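Undergrad: Submitted below is the structure of interest, expressed as structure tokens.
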Number of protein chains: 2
Amino acid sequence: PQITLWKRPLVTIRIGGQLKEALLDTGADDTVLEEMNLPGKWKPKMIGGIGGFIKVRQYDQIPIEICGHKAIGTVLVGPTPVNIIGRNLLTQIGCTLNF
Amino acid sequence: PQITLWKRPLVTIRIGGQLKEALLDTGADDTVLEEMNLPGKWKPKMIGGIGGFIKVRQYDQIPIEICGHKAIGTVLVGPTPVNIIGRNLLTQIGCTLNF
Ligand SMILES: CC(=O)N[C@@H](C)C(=O)N[C@@H](Cc1ccccc1)[C@H](O)CN(Cc1cccs1)S(=O)(=O)c1cc(F)c(F)cc1F
């Protein structure tokens, strides 16, 4: 689709079999989801935002369907204020900015 | 133009007399600029994201040019690590997400 920006670009995603709402976030390097359970191995990591740094759990090679488009990649889980889909997966689904 | 997301979507902006690089950020409701001593009235605000909150100064009806496209709106000035062009200005320059 073409998505305008008068409203937050929120979409439904499917991950670990569960539906969630997430924000398409071109200003995020990485995909960060609010606290949740995901299967398999993870590694501790840190990421920075506007307010400083947080600790996250890094899950690699995770399938997520974003607005009907398949991606498989890194998902960080931690204290983000909202679920965000970052550039690592936005690239996978062929998302660009246009004006 | 079309901007892919392999790298951060940094573009040149102009505000006041200054040229800066700024992120075209669909995850940002509002535009946040690195500390600069702009003229005119402002009001204090707190804005939050990953890591917590920072204190900013809200300036209204500030002209800004983004990739040669004229815009005018609210800018939040404070100790952000990156200049962020948020949806309040992205809509004005006709920016969409496409996939
Ligand atoms: C390094 C990185 O990619 N960090 C991501 C997770 C990130 O926090 N991205 C921010 C933009 C940013 C990038 C690098 C450094 C600092 C910030 C989001 O795209 C926009 N953010 C919003 C977020 C949504 C989900 C997590 S942070 S916000 O916190 O920066 C933000 C909050 C406001 F209240 C505001 F008015 C404007 C904003 F841009």
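The chains in the structure tokens are called A, B, ... from first to last as shown; in each chain the residues are counted from 1, and the ligands are counted from 1 in the order shown.
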For ligand 1, collect every residue having any atom at a distance of at most 6 Å from a ligand atom (counting only C-alpha atoms and all ligand atoms); output as a list in words.

TA: residues 25, 27, 28, 29, 30, 48, 49, 50, 80, 81, 82 and 84 of chain A; 25, 27, 28, 29, 30, 31, 32, 47, 48, 49, 50, 81, 82 and 84 of chain B

Undergrad: Using only C-alpha atoms, find each residue of chain A with at least one atom at most 7 Å away from an atom of chain B; report its shortest atom-to-atom pair and that distance in Å (one decimal), sort the rows by chain and rising residue number, and return the result as CSV.

TA:
```
residue,atom,partner,partner_atom,distance
A:1,CA,B:99,CA,5.6
A:2,CA,B:98,CA,4.5
A:3,CA,B:97,CA,5.0
A:4,CA,B:96,CA,4.8
A:5,CA,B:91,CA,5.7
A:6,CA,B:91,CA,6.3
A:23,CA,B:27,CA,6.5
A:24,CA,B:27,CA,6.4
A:25,CA,B:27,CA,4.2
A:26,CA,B:25,CA,5.1
A:27,CA,B:25,CA,4.5
A:48,CA,B:50,CA,6.7
A:49,CA,B:50,CA,4.5
A:50,CA,B:49,CA,5.7
A:51,CA,B:51,CA,4.1
A:52,CA,B:51,CA,4.0
A:53,CA,B:51,CA,4.9
A:54,CA,B:51,CA,5.6
A:80,CA,B:50,CA,5.4
A:81,CA,B:49,CA,6.2
A:87,CA,B:5,CA,5.8
A:91,CA,B:5,CA,5.8
A:93,CA,B:99,CA,6.7
A:94,CA,B:99,CA,5.3
A:95,CA,B:99,CA,4.5
A:96,CA,B:4,CA,4.8
A:97,CA,B:97,CA,4.9
A:98,CA,B:2,CA,4.6
A:99,CA,B:95,CA,4.4
```

Undergrad: Could you state the separation of atom CA of residue B:13 and atom CA of residue B:34 in Å, given to one decimal place?

TA: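 Straight-line distance from atom CA of residue B:13 to atom CA of residue B:34 works out to 12.4 Å.
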
Undergrad: Can you work out the spacing between atom CA of residue A:16 and atom CA of residue A:63 in Å, to one decimal?

TA: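 Calculated distance between atom CA of residue A:16 and atom CA of residue A:63 is 7.7 Å.
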
Undergrad: Enumerate, as a PyMOL selection string, the complete set of residues in chain A that a backbone-based DSSP assignment places in strand (DSSP E or B).

TA: chain A and resi 2-3+10-15+18-24+32-33+43-49+52-66+69-77+84-85+96-98

Undergrad: Write to file, as a compact mmCIF listing (two decimals), in the first residue's frame, the residues of the selection just made, with C-alpha atoms.

TA:
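Saved the output as selection-v3.txt:
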```txt
# COMPACT_ATOMS: atom_id res chain seq x y z
CA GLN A 2 0.77 3.72 -0.02
CA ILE A 3 0.58 5.04 3.55
CA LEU A 10 0.24 1.57 12.67
CA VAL A 11 -0.21 -1.86 11.12
CA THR A 12 -1.12 -5.32 12.33
CA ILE A 13 1.72 -7.83 12.55
CA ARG A 14 1.76 -11.58 13.15
CA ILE A 15 4.64 -12.96 15.26
CA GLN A 18 0.02 -13.76 17.82
CA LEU A 19 -1.44 -10.58 16.31
CA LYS A 20 -0.10 -7.22 17.52
CA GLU A 21 -0.24 -3.57 16.44
CA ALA A 22 3.10 -1.97 15.51
CA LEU A 23 4.40 1.37 14.27
CA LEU A 24 6.29 1.59 10.97
CA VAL A 32 11.74 -3.30 18.99
CA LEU A 33 8.70 -4.96 20.56
CA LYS A 43 21.32 -12.56 23.62
CA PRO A 44 21.44 -9.47 25.83
CA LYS A 45 21.89 -6.22 23.90
CA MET A 46 21.52 -2.49 24.42
CA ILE A 47 19.97 0.16 22.17
CA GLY A 48 19.70 3.91 22.35
CA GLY A 49 16.79 6.25 21.82
CA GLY A 52 19.09 7.25 26.63
CA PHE A 53 19.82 3.53 26.51
CA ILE A 54 17.83 0.43 27.41
CA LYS A 55 18.53 -3.29 27.76
CA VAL A 56 16.80 -5.60 25.29
CA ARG A 57 16.68 -9.29 24.40
CA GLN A 58 17.88 -9.92 20.83
CA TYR A 59 16.09 -12.69 18.94
CA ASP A 60 17.62 -13.45 15.53
CA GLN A 61 15.98 -14.92 12.43
CA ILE A 62 12.38 -14.44 13.63
CA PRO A 63 9.51 -14.67 11.11
CA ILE A 64 7.06 -11.72 11.24
CA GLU A 65 4.25 -10.90 8.81
CA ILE A 66 3.92 -7.12 8.59
CA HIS A 69 4.32 -9.02 3.86
CA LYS A 70 6.72 -11.69 5.12
CA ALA A 71 9.96 -10.83 6.91
CA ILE A 72 12.44 -12.98 8.85
CA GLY A 73 15.00 -11.13 10.94
CA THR A 74 16.14 -9.65 14.22
CA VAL A 75 13.54 -8.67 16.80
CA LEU A 76 14.54 -6.85 19.98
CA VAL A 77 12.25 -7.20 23.01
CA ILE A 84 8.13 -0.47 16.31
CA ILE A 85 9.08 -2.02 13.00
CA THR A 96 10.54 3.19 0.83
CA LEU A 97 9.91 6.83 1.61
CA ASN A 98 8.49 8.90 -1.24
```

Undergrad: Could you give me, as an MDAnalysis selection string, each residue of chain A that DSSP assigns to alpha helix (DSSP H) when run on this structure's backbone?

TA: chainID A and resid 87:90
